[PDB]
Every structure is written in structure tokens, then in C-alpha cells.
file model_4.cif (mmCIF, C-alpha atoms and all ligand atoms)
data_coords
loop_
_atom_site.label_atom_id
_atom_site.label_comp_id
_atom_site.auth_asym_id
_atom_site.auth_seq_id
_atom_site.Cartn_x
_atom_site.Cartn_y
_atom_site.Cartn_z
CA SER A 5 65.96 260.63 341.62
CA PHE A 6 67.26 257.02 342.28
CA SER A 7 67.21 256.08 346.01
CA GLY A 8 68.53 253.19 348.11
CA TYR A 9 71.36 252.25 345.74
CA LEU A 10 74.69 250.88 346.89
CA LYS A 11 77.63 252.57 345.06
CA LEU A 12 79.98 249.99 343.47
CA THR A 13 82.25 252.30 341.43
CA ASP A 14 82.42 256.03 340.27
CA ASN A 15 79.46 255.31 337.89
CA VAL A 16 77.89 251.93 338.76
CA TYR A 17 75.14 251.61 341.42
CA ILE A 18 73.12 248.55 342.49
CA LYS A 19 69.84 247.85 344.32
CA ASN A 20 67.72 244.77 345.13
CA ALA A 21 64.61 245.87 343.25
CA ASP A 22 62.00 244.89 340.70
CA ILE A 23 63.01 246.96 337.61
CA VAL A 24 59.28 247.51 336.67
CA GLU A 25 58.53 248.91 340.14
CA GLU A 26 61.77 250.89 340.04
CA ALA A 27 60.89 252.37 336.61
CA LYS A 28 57.33 253.35 337.72
CA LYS A 29 58.65 255.03 340.86
CA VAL A 30 61.52 256.93 339.15
CA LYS A 31 60.30 257.34 335.53
CA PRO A 32 64.02 257.43 334.37
CA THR A 33 65.04 258.93 331.02
CA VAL A 34 66.14 255.42 329.97
CA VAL A 35 65.13 251.98 331.14
CA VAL A 36 67.16 249.11 329.63
CA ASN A 37 65.31 246.03 328.44
CA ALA A 38 67.02 242.61 328.34
CA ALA A 39 65.86 242.06 324.77
CA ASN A 40 66.31 239.30 322.19
CA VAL A 41 67.06 240.01 318.45
CA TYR A 42 63.36 239.70 317.55
CA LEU A 43 62.15 242.04 320.33
CA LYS A 44 59.78 239.21 321.43
CA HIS A 45 59.25 240.21 325.09
CA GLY A 46 58.02 236.85 326.37
CA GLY A 47 59.76 236.27 329.68
CA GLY A 48 62.26 237.53 332.25
CA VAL A 49 62.79 241.30 332.40
CA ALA A 50 61.39 241.75 328.85
CA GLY A 51 58.13 239.98 329.66
CA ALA A 52 57.75 241.95 332.89
CA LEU A 53 58.46 245.37 331.23
CA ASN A 54 56.14 244.56 328.33
CA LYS A 55 53.34 243.40 330.67
CA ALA A 56 53.69 246.75 332.60
CA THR A 57 53.07 248.65 329.33
CA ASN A 58 49.82 246.61 328.75
CA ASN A 59 51.60 245.08 325.65
CA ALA A 60 52.20 248.54 324.03
CA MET A 61 55.96 247.77 324.07
CA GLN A 62 55.36 244.55 322.03
CA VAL A 63 53.10 246.32 319.49
CA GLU A 64 55.70 249.05 319.01
CA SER A 65 58.49 246.42 318.81
CA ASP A 66 56.70 244.32 316.16
CA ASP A 67 56.31 247.46 313.98
CA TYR A 68 60.05 248.18 314.52
CA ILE A 69 61.02 244.59 313.47
CA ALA A 70 58.64 244.70 310.45
CA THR A 71 60.46 247.86 309.25
CA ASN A 72 64.07 247.15 310.30
CA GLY A 73 64.53 243.43 310.71
CA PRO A 74 66.10 241.84 313.77
CA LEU A 75 68.77 243.39 315.97
CA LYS A 76 72.28 241.87 316.17
CA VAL A 77 73.32 239.98 319.36
CA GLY A 78 75.31 242.72 321.20
CA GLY A 79 73.22 245.46 319.54
CA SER A 80 70.44 247.78 320.65
CA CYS A 81 67.65 250.08 319.59
CA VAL A 82 65.96 253.03 321.29
CA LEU A 83 62.18 252.83 321.45
CA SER A 84 59.52 254.48 323.68
CA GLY A 85 59.59 253.85 327.40
CA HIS A 86 55.74 254.00 327.49
CA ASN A 87 54.54 254.37 331.16
CA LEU A 88 57.97 253.23 332.50
CA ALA A 89 60.52 255.72 331.16
CA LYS A 90 61.05 258.42 328.47
CA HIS A 91 62.90 255.74 326.39
CA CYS A 92 63.54 252.04 326.47
CA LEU A 93 66.97 250.97 325.31
CA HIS A 94 66.44 247.39 324.09
CA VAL A 95 69.84 245.73 324.45
CA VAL A 96 70.57 242.19 323.22
CA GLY A 97 73.02 240.38 325.45
CA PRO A 98 74.19 236.89 324.35
CA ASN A 99 71.86 234.09 325.45
CA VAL A 100 74.20 231.34 326.69
CA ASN A 101 71.17 228.91 326.52
CA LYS A 102 71.36 229.47 322.66
CA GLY A 103 75.17 228.95 322.34
CA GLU A 104 75.70 232.70 321.75
CA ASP A 105 79.24 234.10 322.15
CA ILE A 106 79.63 235.31 325.77
CA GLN A 107 82.33 237.73 324.42
CA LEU A 108 79.37 239.72 322.94
CA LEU A 109 78.43 240.74 326.52
CA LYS A 110 81.00 243.55 326.39
CA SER A 111 79.60 244.77 323.03
CA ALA A 112 76.12 244.67 324.55
CA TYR A 113 77.19 246.85 327.53
CA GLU A 114 78.87 249.37 325.17
CA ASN A 115 75.36 250.41 324.09
CA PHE A 116 74.89 251.93 327.61
CA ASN A 117 77.66 254.48 326.88
CA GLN A 118 75.39 256.35 324.45
CA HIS A 119 73.16 257.41 327.43
CA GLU A 120 74.21 259.69 330.33
CA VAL A 121 72.12 257.78 332.90
CA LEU A 122 70.22 254.47 332.77
CA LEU A 123 68.09 252.16 334.92
CA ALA A 124 69.15 248.60 333.88
CA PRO A 125 69.19 244.91 334.61
CA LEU A 126 72.41 242.80 334.47
CA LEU A 127 72.75 241.81 330.80
CA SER A 128 72.66 238.08 329.90
CA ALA A 129 71.74 237.25 333.55
CA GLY A 130 68.50 235.38 334.49
CA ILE A 131 66.90 233.34 331.73
CA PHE A 132 69.78 234.39 329.37
CA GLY A 133 72.01 231.90 331.25
CA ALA A 134 75.23 233.81 331.88
CA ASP A 135 76.92 234.10 335.30
CA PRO A 136 75.56 237.35 336.88
CA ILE A 137 78.88 237.88 338.76
CA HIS A 138 80.63 237.88 335.33
CA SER A 139 77.92 240.25 333.92
CA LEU A 140 78.48 242.75 336.78
CA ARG A 141 82.26 242.64 336.17
CA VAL A 142 81.78 243.31 332.43
CA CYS A 143 79.32 246.12 333.29
CA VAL A 144 81.73 247.99 335.65
CA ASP A 145 84.70 247.43 333.18
CA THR A 146 82.71 248.62 330.09
CA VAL A 147 80.05 251.19 331.07
CA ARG A 148 81.40 254.70 331.72
CA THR A 149 77.99 256.42 332.00
CA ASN A 150 75.84 256.35 335.19
CA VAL A 151 74.15 252.93 335.47
CA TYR A 152 71.65 252.03 338.21
CA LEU A 153 71.36 248.26 338.28
CA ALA A 154 68.16 246.64 339.55
CA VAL A 155 68.69 242.99 340.71
CA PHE A 156 65.33 241.31 341.37
CA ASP A 157 66.59 238.31 343.30
CA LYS A 158 67.64 239.26 346.95
CA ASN A 159 69.92 236.22 347.35
CA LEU A 160 71.69 237.03 344.03
CA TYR A 161 71.92 240.74 345.03
CA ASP A 162 73.68 239.75 348.32
CA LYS A 163 76.03 237.38 346.48
CA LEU A 164 76.87 240.11 343.90
CA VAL A 165 77.64 242.76 346.56
CA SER A 166 79.57 240.41 348.91
CA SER A 167 81.72 239.04 346.03
CA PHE A 168 82.32 242.42 344.26
CA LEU A 169 85.98 243.12 343.78
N1 LIG A 201 67.14 241.36 337.38
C1 LIG A 201 65.81 241.65 337.38
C2 LIG A 201 65.33 242.91 337.81
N2 LIG A 201 64.02 243.19 337.90
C3 LIG A 201 63.14 242.26 337.46
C4 LIG A 201 63.53 240.99 337.02
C5 LIG A 201 64.89 240.70 336.95
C6 LIG A 201 62.50 239.98 336.59
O1 LIG A 201 61.23 240.30 337.15
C7 LIG A 201 60.83 241.62 336.81
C8 LIG A 201 61.69 242.63 337.54
#
call {"tool": "encode", "arguments": {"input": "model_4.cif", "output": "C-alpha cells", "more": "lines below"}}
Ligand SMILES: Nc1cnc2c(c1)COCC2
result
Amino acid sequence: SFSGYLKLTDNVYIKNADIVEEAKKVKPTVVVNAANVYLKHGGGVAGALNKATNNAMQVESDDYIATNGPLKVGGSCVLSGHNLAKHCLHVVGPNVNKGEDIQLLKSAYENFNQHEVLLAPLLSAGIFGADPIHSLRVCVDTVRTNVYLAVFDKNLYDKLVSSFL
């Protein structure tokens, strides 16, 4: 199972880890991708997860978008986890660098409640531009299922743990 996680609440855990390396080690039922509405996995967590699948995640995602159209900001879709997990839950957090409503971050985290346990990044953090301390607060106040957060950046991980209320 998951190892080396610091317990933050009854259901939220956190670790300084590369989510691709974490997924390969664990092979969780669900890995969360920090997706955009088009499922274009170019950079950040999405680019790293997609690159780990040898682009199979992007090919599957383009077929999904061709059939269904784009996701909503705050929405999600369940696709294959390829070599990383049983499933990938592609969740769209608001991208602050696109003027997207930061209030949609709570809606985005609500998608996690449809899964009993997940390996996930902090939504809207990184290249999405939101404050990761705020994202962690919304995560613990919204997600009721068991979430194992992987924070790539060690300095950000330390800041998140040391400032956690
Ligand atoms: N937060 C976060 C967790 N893991 C990863 C990243 C970000 C980006 O590089 C790939 C692995």
C-alpha cells in the first residue's frame, strides 16, 4: 500500500514524492491527473503522467474529447490509468493563469469523493497558478474519501506541512 505519508487529517495524507514514481511503485486504483478541459497533457503533472504512459494517455484522451467534447472547469472524467493505475481520474481545477474562478477549486475536489481511495496532486497548484496552501485547505475541507497527496517540490512540501492548521 502507500508508505511514507504524513497524516494531516482522518482521510488526508501527504508525501514529498514524484506522482509518476509514486504511481509506478503503488499501482493505485486511481491516480488523479491535473487536467485541462481539452485533456491536452502538455506540462506539469499532466505532461509527466502522459509521458510515463508513452503518450497512450493522450491518444485515449483525444478519442474521449472527439466523442464527448471538453470537460467543464471543476469537472472530471474517468479514463484508463495505463501503466500507472487501474484508472486515471482527470480533474480540471481552475487555472488562475487563465482568469478561471478560484471558487471552482472546491467543485474540482468534490470529484475525489466518488472514489474510496486516490493518489493525487494538489489541484490548481504548480503551473495552474493557485496558492498550494489554499489548495491543501480546500482539499482537507472538501474531500471525505482517502486522499494520498504527492507534492513534488520538497521546499513546498515542507512549507505545506509546517503551515498546516
Ligand atoms: N505536485 C507534483 C507531484 N508530482 C509531480 C509533479 C508535481 C510534477 O512533476 C511530475 C511529478
call {"tool": "closest_residue", "arguments": {"input": "model_4.cif", "among": "A:33, A:118, A:128, A:59", "to": "residue 142 of chain A", "atoms": "all atoms listed in the file"}}
result
A:128
call {"tool": "residues_near_ligand", "arguments": {"input": "model_4.cif", "ligand": "ligand LIG 201 (chain A)", "cutoff": "12 Å", "atoms": "all atoms listed in the file", "output": "PDB file with C-alpha atoms, keeping the file's coordinate frame"}}
result
ATOM      1  CA  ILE A  18      73.120 248.550 342.490  1.00  0.00           C
ATOM      2  CA  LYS A  19      69.840 247.850 344.320  1.00  0.00           C
ATOM      3  CA  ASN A  20      67.720 244.770 345.130  1.00  0.00           C
ATOM      4  CA  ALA A  21      64.610 245.870 343.250  1.00  0.00           C
ATOM      5  CA  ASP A  22      62.000 244.890 340.700  1.00  0.00           C
ATOM      6  CA  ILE A  23      63.010 246.960 337.610  1.00  0.00           C
ATOM      7  CA  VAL A  24      59.280 247.510 336.670  1.00  0.00           C
ATOM      8  CA  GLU A  25      58.530 248.910 340.140  1.00  0.00           C
ATOM      9  CA  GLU A  26      61.770 250.890 340.040  1.00  0.00           C
ATOM     10  CA  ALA A  27      60.890 252.370 336.610  1.00  0.00           C
ATOM     11  CA  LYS A  28      57.330 253.350 337.720  1.00  0.00           C
ATOM     12  CA  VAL A  35      65.130 251.980 331.140  1.00  0.00           C
ATOM     13  CA  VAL A  36      67.160 249.110 329.630  1.00  0.00           C
ATOM     14  CA  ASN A  37      65.310 246.030 328.440  1.00  0.00           C
ATOM     15  CA  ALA A  38      67.020 242.610 328.340  1.00  0.00           C
ATOM     16  CA  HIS A  45      59.250 240.210 325.090  1.00  0.00           C
ATOM     17  CA  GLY A  46      58.020 236.850 326.370  1.00  0.00           C
ATOM     18  CA  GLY A  47      59.760 236.270 329.680  1.00  0.00           C
ATOM     19  CA  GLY A  48      62.260 237.530 332.250  1.00  0.00           C
ATOM     20  CA  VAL A  49      62.790 241.300 332.400  1.00  0.00           C
ATOM     21  CA  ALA A  50      61.390 241.750 328.850  1.00  0.00           C
ATOM     22  CA  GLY A  51      58.130 239.980 329.660  1.00  0.00           C
ATOM     23  CA  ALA A  52      57.750 241.950 332.890  1.00  0.00           C
ATOM     24  CA  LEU A  53      58.460 245.370 331.230  1.00  0.00           C
ATOM     25  CA  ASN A  54      56.140 244.560 328.330  1.00  0.00           C
ATOM     26  CA  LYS A  55      53.340 243.400 330.670  1.00  0.00           C
ATOM     27  CA  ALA A  56      53.690 246.750 332.600  1.00  0.00           C
ATOM     28  CA  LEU A 123      68.090 252.160 334.920  1.00  0.00           C
ATOM     29  CA  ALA A 124      69.150 248.600 333.880  1.00  0.00           C
ATOM     30  CA  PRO A 125      69.190 244.910 334.610  1.00  0.00           C
ATOM     31  CA  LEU A 126      72.410 242.800 334.470  1.00  0.00           C
ATOM     32  CA  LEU A 127      72.750 241.810 330.800  1.00  0.00           C
ATOM     33  CA  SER A 128      72.660 238.080 329.900  1.00  0.00           C
ATOM     34  CA  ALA A 129      71.740 237.250 333.550  1.00  0.00           C
ATOM     35  CA  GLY A 130      68.500 235.380 334.490  1.00  0.00           C
ATOM     36  CA  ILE A 131      66.900 233.340 331.730  1.00  0.00           C
ATOM     37  CA  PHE A 132      69.780 234.390 329.370  1.00  0.00           C
ATOM     38  CA  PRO A 136      75.560 237.350 336.880  1.00  0.00           C
ATOM     39  CA  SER A 139      77.920 240.250 333.920  1.00  0.00           C
ATOM     40  CA  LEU A 140      78.480 242.750 336.780  1.00  0.00           C
ATOM     41  CA  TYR A 152      71.650 252.030 338.210  1.00  0.00           C
ATOM     42  CA  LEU A 153      71.360 248.260 338.280  1.00  0.00           C
ATOM     43  CA  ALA A 154      68.160 246.640 339.550  1.00  0.00           C
ATOM     44  CA  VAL A 155      68.690 242.990 340.710  1.00  0.00           C
ATOM     45  CA  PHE A 156      65.330 241.310 341.370  1.00  0.00           C
ATOM     46  CA  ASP A 157      66.590 238.310 343.300  1.00  0.00           C
ATOM     47  CA  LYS A 158      67.640 239.260 346.950  1.00  0.00           C
ATOM     48  CA  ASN A 159      69.920 236.220 347.350  1.00  0.00           C
ATOM     49  CA  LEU A 160      71.690 237.030 344.030  1.00  0.00           C
ATOM     50  CA  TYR A 161      71.920 240.740 345.030  1.00  0.00           C
ATOM     51  CA  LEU A 164      76.870 240.110 343.900  1.00  0.00           C
TER      52      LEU A 164
END
call {"tool": "closest_residue", "arguments": {"input": "model_4.cif", "among": "A:134, A:151, A:30, A:88", "to": "residue 105 of chain A", "atoms": "all atoms listed in the file"}}
result
A:134
call {"tool": "atom_distance", "arguments": {"input": "model_4.cif", "atom1": "atom CA of residue 83 of chain A", "atom2": "atom CA of residue 62 of chain A"}}
result
10.7 Å
call {"tool": "axis_aligned_box", "arguments": {"input": "model_4.cif", "around": "segment 88-103 of chain A", "padding_each_side": "8 Å", "output": "AutoDock Vina command-line options"}}
result
--center_x 66.6 --center_y 243.7 --center_z 327.4 --size_x 33.2 --size_y 45.5 --size_z 26.2
call {"tool": "atom_distance", "arguments": {"input": "model_4.cif", "atom1": "atom CA of residue 92 of chain A", "atom2": "atom CA of residue 7 of chain A"}}
result
20.3 Å
call {"tool": "closest_residue", "arguments": {"input": "model_4.cif", "among": "A:167, A:146, A:58, A:40", "to": "residue 110 of chain A", "atoms": "only C-alpha atoms"}}
result
A:146
call {"tool": "closest_residue", "arguments": {"input": "model_4.cif", "among": "A:91, A:86, A:11, A:31", "to": "residue 57 of chain A", "atoms": "all atoms listed in the file"}}
result
A:86
call {"tool": "atom_distance", "arguments": {"input": "model_4.cif", "atom1": "atom CA of residue 78 of chain A", "atom2": "atom CA of residue 32 of chain A"}}
result
22.7 Å
call {"tool": "residues_around", "arguments": {"input": "model_4.cif", "residues": "residue 116 of chain A", "least_positions_apart": "2", "cutoff": "8 Å", "atoms": "only C-alpha atoms", "output": "VMD selection string"}}
result
chain A and resid 112 to 114 118 to 119 122 147 149 151
call {"tool": "closest_residue", "arguments": {"input": "model_4.cif", "among": "A:137, A:82, A:89, A:69", "to": "residue 115 of chain A", "atoms": "all atoms listed in the file"}}
result
A:82
call {"tool": "closest_residue", "arguments": {"input": "model_4.cif", "among": "A:12, A:77, A:144, A:108", "to": "residue 42 of chain A", "atoms": "only C-alpha atoms"}}
result
A:77
call {"tool": "residues_around", "arguments": {"input": "model_4.cif", "residues": "residue 75 of chain A", "least_positions_apart": "2", "cutoff": "12 Å", "atoms": "all atoms listed in the file", "output": "ChimeraX atom specification"}}
result
/A:39-44,65,68-73,77-82,94-98,112
call {"tool": "build_atoms", "arguments": {"input": "model_4.cif", "residues": "segment 57-68 of chain A", "atoms": "N, CA and C atoms", "output": "JSON list (two decimals), keeping the file's coordinate frame"}}
result
[["chain", "number", "residue", "atom", "x", "y", "z"],
["A", 57, "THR", "N", 53.57, 247.72, 330.34],
["A", 57, "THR", "CA", 53.07, 248.65, 329.33],
["A", 57, "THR", "C", 51.72, 248.18, 328.72],
["A", 58, "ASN", "N", 51.08, 247.12, 329.29],
["A", 58, "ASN", "CA", 49.82, 246.61, 328.75],
["A", 58, "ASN", "C", 50.02, 246.15, 327.28],
["A", 59, "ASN", "N", 51.22, 245.59, 326.97],
["A", 59, "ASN", "CA", 51.60, 245.08, 325.65],
["A", 59, "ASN", "C", 51.93, 246.17, 324.61],
["A", 60, "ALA", "N", 51.88, 247.46, 324.98],
["A", 60, "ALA", "CA", 52.20, 248.54, 324.03],
["A", 60, "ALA", "C", 53.65, 248.42, 323.57],
["A", 61, "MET", "N", 54.57, 247.97, 324.46],
["A", 61, "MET", "CA", 55.96, 247.77, 324.07],
["A", 61, "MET", "C", 56.08, 246.70, 322.95],
["A", 62, "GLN", "N", 55.33, 245.59, 323.07],
["A", 62, "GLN", "CA", 55.36, 244.55, 322.03],
["A", 62, "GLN", "C", 54.80, 245.04, 320.70],
["A", 63, "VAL", "N", 53.71, 245.80, 320.73],
["A", 63, "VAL", "CA", 53.10, 246.32, 319.49],
["A", 63, "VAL", "C", 54.09, 247.25, 318.78],
["A", 64, "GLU", "N", 54.73, 248.13, 319.57],
["A", 64, "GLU", "CA", 55.70, 249.05, 319.01],
["A", 64, "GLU", "C", 56.91, 248.28, 318.46],
["A", 65, "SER", "N", 57.36, 247.25, 319.19],
["A", 65, "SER", "CA", 58.49, 246.42, 318.81],
["A", 65, "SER", "C", 58.23, 245.62, 317.54],
["A", 66, "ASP", "N", 57.01, 245.07, 317.37],
["A", 66, "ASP", "CA", 56.70, 244.32, 316.16],
["A", 66, "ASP", "C", 56.73, 245.23, 314.94],
["A", 67, "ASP", "N", 56.25, 246.49, 315.07],
["A", 67, "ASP", "CA", 56.31, 247.46, 313.98],
["A", 67, "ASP", "C", 57.80, 247.75, 313.67],
["A", 68, "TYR", "N", 58.62, 247.92, 314.73],
["A", 68, "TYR", "CA", 60.05, 248.18, 314.52],
["A", 68, "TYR", "C", 60.72, 247.01, 313.74]]
